[PDB]
Amino acid sequence: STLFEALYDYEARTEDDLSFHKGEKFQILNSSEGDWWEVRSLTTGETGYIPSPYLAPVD
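All the letters of the sequence shown, read from the start, carry residue numbers 1 to 59 under the authors' numbering.
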């Protein structure tokens, strides 16, 4: 579909969650699971889950 960017800093709450800073972009792995999306960090190359409302679509 489209890439998404961070609006606010976020710290991983679980062992499977990813930490990021505002302005970080991500590639969507799966977004049909609700307000909780599966993504890949384009900056670190790691995989995990993060809250979808902390992001906004690019362009």
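Just so it is clear, CB atoms sit at the ideal spot from N, CA and C, and this is done for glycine as well.
Option nearest residue i by Cα separation, candidates the options
i	options	result
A12	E33, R40, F4, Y49	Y49
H21	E5, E33, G34, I28	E5
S1	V39, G45, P51, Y54	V39
Within 9 Å, strictly: CB atoms of residue i and residue j
i	j	result
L42	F26	yes
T47	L18	yes
Residue(s) in a DSSP beta bridge with residue i
i	result
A56	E5
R40	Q27, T47
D17	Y49
Cβ-based burial, residue i [other Cβ within 10 Å; buried from 16]
i	result
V58	exposed
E15	exposed
Integer-rounded CB distance, given that residue j should sit under 8 Å from residue i
i	j	result
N30	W37	7 Å
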